[PDB]
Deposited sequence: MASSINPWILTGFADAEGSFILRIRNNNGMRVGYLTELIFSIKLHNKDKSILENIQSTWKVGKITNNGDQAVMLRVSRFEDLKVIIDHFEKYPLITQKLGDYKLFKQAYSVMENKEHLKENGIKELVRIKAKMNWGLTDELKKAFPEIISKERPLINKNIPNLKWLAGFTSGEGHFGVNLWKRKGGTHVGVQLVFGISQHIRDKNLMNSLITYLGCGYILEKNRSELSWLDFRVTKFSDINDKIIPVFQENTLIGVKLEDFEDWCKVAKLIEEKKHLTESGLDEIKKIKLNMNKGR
């Protein structure tokens, strides 16, 4: 079983709370409602999904294309397990806002209002604030209101951070040919990325870890944040000890382990030698996108 705070951190990273409201003339109200918690990952991390499944004793795992796998809970009885966990171990990103709307939608269905016109209206109102909001077909049918409270929580513990890092983390080794010379540049880099909507939370990492900085990235109108640590003494003294104690999950754990081997070589200045570089070069082949 996964540590429950590791689980929440991972959920804040890769989870999704979904409210479906579908047209159907076979329903008395004319709409069929479905409430879904979902985690979609690459097949290489199917084991995480299976362990969450056994930990919660709920949910179904299905394939999605040739390289992806998906764990979903939508059975109404089984959804109490989801709410139970996330009440006891609350999300801290803006996704918590989706969970609370998810939660309200559940209360509507629990008293069975989704089977009435008054409830469907309420559900549409809820869905409008969730994720990507109302469809065009749904906006047409329901011209009424277009926002939710901003979530402002701090990092609860390093077990959450471990779960969140197992999702959004990057353990990288940069190599490049120096402009003036024949030497190869070497940089160990740690990274956590997130949409700019959680700028406060991402800023909170500089304080919480006692190192690193934030870089603002964008493509046209799309923008995100990358928390990076490139100070090696910080990585060696602050970053690595954290995840040695608080174990990462999935393939990213393996990436971290190789990453630490590179960190050892760099600690002993062997990245400056010819043979140490090709050892590092060999490790890169084993890790990340190369795994």
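**Q** Could you spell out the stretches of the deposited sequence that were left without C-alpha coordinates, going in sequence order?
**A** Seq positions lacking coordinates: 1-3, 150-151.
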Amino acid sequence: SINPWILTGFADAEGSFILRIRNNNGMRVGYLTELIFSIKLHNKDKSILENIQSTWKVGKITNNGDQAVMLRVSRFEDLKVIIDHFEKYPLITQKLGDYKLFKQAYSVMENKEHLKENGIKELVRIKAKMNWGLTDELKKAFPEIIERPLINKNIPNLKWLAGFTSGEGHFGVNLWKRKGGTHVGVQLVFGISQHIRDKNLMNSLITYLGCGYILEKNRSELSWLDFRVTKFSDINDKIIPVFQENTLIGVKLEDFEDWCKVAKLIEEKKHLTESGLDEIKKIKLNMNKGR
From here on, numbers count along this sequence of modelled residues.
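**Q** Quick check: 59-67 versus 24-32, which has the larger average CA B-factor in the record?
**A** Here the higher of the two C-alpha B-factor means belongs to 24-32.
**Q** Determine, for stretches 206-214 and 159-167, which one has the higher mean CA B-factor as deposited.
**A** It is 206-214 that shows the higher mean C-alpha B-factor.
**Q** Whose CA atom has the top B-factor in the entry, of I192, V184, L188, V73?
**A** Most elevated C-alpha B-factor of the set, per the entry: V184.
**Q** Ranked by Cα temperature factor within the chain, is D98 in the lowest third, the middle third or the highest third?
**A** Answer is lowest: the recorded C-alpha B-factor places it there.
**Q** Which third of the chain does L222 land in by C-alpha B-factor: lowest, middle or highest?
**A** According to the entry, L222 has a C-alpha B-factor in the chain's highest third.
**Q** Would you please rank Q104 by its C-alpha temperature factor against the other modelled residues of its chain and give the third it falls in: lowest, middle or highest?
**A** For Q104, whose C-alpha B-factor we compare with every modelled residue in the chain, the answer is the middle third.
**Q** Could you say whether, by C-alpha temperature factor, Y89 belongs to the lowest, middle or highest third of its chain?
**A** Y89: CA B-factor falls in the middle third of its chain.
**Q** Quick check for you: using the entry's CA B-factors within this chain, is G172 in the lowest, middle or highest third?
**A** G172: CA B-factor falls in the lowest third of its chain.
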